[PDB]
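*Asks:* okay, here's the opening piece of the assembly, coordinates as they are in the complex:
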Amino acid sequence: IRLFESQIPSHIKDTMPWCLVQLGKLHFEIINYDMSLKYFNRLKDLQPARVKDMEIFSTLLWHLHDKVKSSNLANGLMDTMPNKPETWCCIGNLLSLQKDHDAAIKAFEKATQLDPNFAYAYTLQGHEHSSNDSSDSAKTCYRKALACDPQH
Amino acid sequence: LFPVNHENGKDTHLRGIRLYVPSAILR
Amino acid sequence: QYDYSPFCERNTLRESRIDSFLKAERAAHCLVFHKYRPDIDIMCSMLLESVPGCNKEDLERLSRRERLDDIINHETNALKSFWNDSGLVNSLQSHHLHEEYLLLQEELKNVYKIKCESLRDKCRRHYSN
Amino acid sequence: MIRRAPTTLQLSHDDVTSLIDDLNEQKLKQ
């Protein structure tokens, strides 16, 4: 973040979509929730129909409990790419945010079967399985999540 | 056991049943 | 002697098929050539020569980048384009053109409709398929 | 000829139990 402040010109910083993604993810990692949202909104303003990684935005926006923004983003993302696992994981995050979670589990496993090498979908599955008051399924899903990404 | 119902009923429902025993976060 | 090698890579063809192909081929060409042997001969400004349903006038307007008798002219004109210059129209009885005309656009309009969702519901279609 | 699938060696549970035990006393040593 200090390198952004010092070594990155402002005009490049506030216009580069990839830099916006990186700064939002970074401020998530420092658990700076307010900071990341107002730049992810700028990202969506620059282009709404981009998937890349909305997994971070879905994780943030579940915490912020903004149902309408999640609905709009899920609609757009799936209407653009139906086969991208990120759209399905965002949809499942929305569903878990609502209330029901078994269909969220089904959506997550479907997202994984789109791409078996998407670790974050697995770990989101595992974290959700804690909300089911079930551990064995959660434990197996956590192990299978860590298998895909060694450093998670 | 449910041997008889009200007003000389025949069958019986069961709306709810539960069993009780004794003994901030990140996504 | 009539050549039949390209019609079958087998170097021998039984004589029944020899006339079967020979009599078939000649009249097939005779239909295309007239609205003789095949081996002796095969032969016989805007580039586009023809488009199905396109008359010479419609080709010209392209190059520029563009009451009972009258409706009968439109009656025949509509079937000229759709039937690709079919010669049986002139032999059709006049009152037989009318019902075929009404079924034309009625069928045609149905193509226009054919040629022309909540988040929770429209996610299911991809899960189930 | 129908060549038989060559037999393959398996990792037994006894040897892995022995190794994990030996590791337990190894960490208990220091």
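*Replies:* All right, it came through fine. Numbering: from 1, shown residues only, chains lettered A, B, ... in the order given.
*Asks:* can you map out the helices along chain A?
*Replies:* For chain A, the helices defined by DSSP state H cover A:2-7, A:10-13, A:17-29, A:33-46, A:55-64, A:67-80, A:85-98, A:102-114, A:119-131, A:136-148.
*Asks:* Give me the angle between the third one and helix A:33-46.
*Replies:* Here helix A:17-29 points in a direction 160 degrees away from that of helix A:33-46 (axes from the mean of the first three to the mean of the last three Cα atoms, to 10 degrees).
*Asks:* how about helix A:17-29 against chain B, any contact?
*Replies:* No: shown here: helix A:17-29 not in contact with chain B (Cβ under 8 Å from any Cβ of the partner chain), separated by at least 10.7 Å. C-beta here means a position set from N, CA and C on the backbone, and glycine is covered the same way.
*Asks:* Identify all contacting residues around that helix.
*Replies:* A:1, A:4, A:8, A:12-14, A:35-36, A:39-40, A:42-43, A:46-47, A:50, A:52-53, A:56-57, A:59-60 (Cβ atoms under 8 Å, 6 or more residues apart in numbering or on different chains).
*Asks:* To residue C:73, which of the helices of chain A lies closest?
*Replies:* Residue C:73 sits nearest to helix A:67-80 of all the helices of chain A, at 49.1 Å, using Cβ to Cβ.
*Asks:* chain center to that closest one, what's the gap?
*Replies:* In terms of Cα atoms, centre = their mean, to the nearest Å, the centre of helix A:67-80 is found 13 Å from the chain centre.
*Asks:* List the buried residues for it?
*Replies:* For helix A:67-80, burial by neighbour count (16 or more other Cβ atoms under 10 Å in any protein chain shown) applies to A:69-71, A:73-78.
*Asks:* while you're at it, add chain E from this line:
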Amino acid sequence: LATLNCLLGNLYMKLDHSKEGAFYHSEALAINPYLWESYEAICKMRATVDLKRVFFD
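*Replies:* Putting chain E onto the chains we already have gives this:
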């Protein structure tokens, strides 16, 4: 030679090999510093690169 080495490193990545994949990716990056996928592969594999040396010279 810029693309061959990075492609070979990607093949090693698919084969789960790291060390020689890392060195080949580093060589590809050293050939041309603008490639930007050699660096991404190296970062994903946690390898170390002398960015100041390779980028300046």
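*Asks:* The contacts of helix A:17-29 again, this time with chain E added?
*Replies:* Residues outside helix A:17-29 that contact it (Cβ under 8 Å, 6+ apart): A:1, A:4, A:8, A:12-14, A:35-36, A:39-40, A:42-43, A:46-47, A:50, A:52-53, A:56-57, A:59-60.
*Asks:* Okay, angle between it and helix A:55-64 too, please.
*Replies:* Inter-element angle recorded for helix A:17-29 and helix A:55-64: 40 degrees (by the same axes, to 10 degrees).
*Asks:* sec struct for the closest residue to chain A within chain B, please.
*Replies:* Chain B approaches chain A most closely through residue B:27 (5.6 Å), counting by Cβ to the nearest Cβ. Going by DSSP: H, G, I helix; E, B strand; the rest coil, the secondary structure assigned to residue B:27 is coil.
*Asks:* And for residue 27, the neighbour number?
*Replies:* I'll assume chain A. 20 (other Cβ atoms under 10 Å in any protein chain shown).
*Asks:* that answer is for a different chain, and I need it for chain E
*Replies:* If you count neighbours by other Cβ under 10 Å, residue E:27 ends up with 17.
*Asks:* Make sure it is actually in contact with residue E:4.
*Replies:* No: between residue E:27 and residue E:4 there is no contact under Cβ atoms under 8 Å: 9.9 Å.
*Asks:* got a list of contacts for stretch A:124-131?
*Replies:* Under the criterion Cβ under 8 Å, 6+ apart, residues A:55, A:59, A:89, A:92-93, A:96, A:101, A:104-105, A:108-109, A:112, A:137-138, A:141-142, A:144-145, B:27 lie in contact with stretch A:124-131.
*Asks:* These also near chain C: which ones?
*Replies:* Contacts with chain C within the contacts of stretch A:124-131, counted by Cβ under 8 Å from any Cβ: none were found.
*Asks:* which of those count as buried?
*Replies:* A:55, A:59, A:89, A:92-93, A:96, A:101, A:104-105, A:108-109, A:112, A:138, A:141-142, A:144-145.
*Asks:* can you slot in chain F too:
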Amino acid sequence: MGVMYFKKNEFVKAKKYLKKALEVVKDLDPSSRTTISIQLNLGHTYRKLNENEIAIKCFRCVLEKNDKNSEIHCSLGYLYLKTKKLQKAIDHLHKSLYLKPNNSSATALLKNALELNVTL
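*Replies:* One more chain to add, chain F, which I have set with the ones above:
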């Protein structure tokens, strides 16, 4: 011959016979379920011979030639936990759990590896 001498708890001649089998088939046909068995049995003999480096090398070779193998990943986890390469051990063990979630020994191996890594 190598397999039967291994089963007879006589590893030294099994090792030499499997080495001969490998060197005969080394030049031709790396595929076709023959070099795989040769290298797997040779790696098992080395791991039972207590020499681990060449065993790890052969296990890596067969893993290259075949990644869909839970037993291979369990064996790599075993060999890496025998040494102090805990990161590779846990990575291959998680890979094995991914390949087969219901593995009996792998759960205990993962628990021990995690405990050792944390205590390290």
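*Asks:* The contacts of helix A:17-29 again please, this time with chain F.
*Replies:* Residues outside helix A:17-29 that contact it (Cβ under 8 Å, 6+ apart) are A:1, A:4, A:8, A:12-14, A:35-36, A:39-40, A:42-43, A:46-47, A:50, A:52-53, A:56-57, A:59-60.
*Asks:* ok, longest helix in chain C?
*Replies:* Chain C, longest helix under DSSP H: helix C:94-115.
*Asks:* How about that one, which residues are buried there?
*Replies:* Residues C:97, C:101 are the ones in helix C:94-115 that count as buried (16+ other Cβ under 10 Å).
*Asks:* picking that back up, mark which of the contacts of helix A:17-29 are buried, thanks.
*Replies:* With burial judged by 16+ other Cβ under 10 Å, the buried subset of those is A:35-36, A:39-40, A:43, A:50, A:56-57, A:59-60.
*Asks:* Looking at those, spot the one nearest residue E:43.
*Replies:* Relative to residue E:43, and with distances defined as Cβ to Cβ, the nearest of the buried ones among the contacts of helix A:17-29 is residue A:56, at 17.5 Å.
*Asks:* Return the residues in contact with that closest one.
*Replies:* Applying Cβ under 8 Å, 6+ apart, we find residue A:56 in contact with A:21, A:24-25, A:28, A:36, A:40.
*Asks:* I'd say residue C:59 and residue C:51 touch.
*Replies:* Yes: here residue C:59 reaches residue C:51: they are 7.4 Å apart, a contact under Cβ under 8 Å.
*Asks:* Between the two, tell me which one has more neighbours.
*Replies:* With neighbours defined as other Cβ under 10 Å, residue C:59 and residue C:51 compare such that residue C:59 has more, 14 against 11.
*Asks:* Quick check, the residue in chain C closest to chain D?
*Replies:* Of all residues in chain C, the one sitting closest to chain D is residue C:9 (38.3 Å; Cβ to the nearest Cβ).
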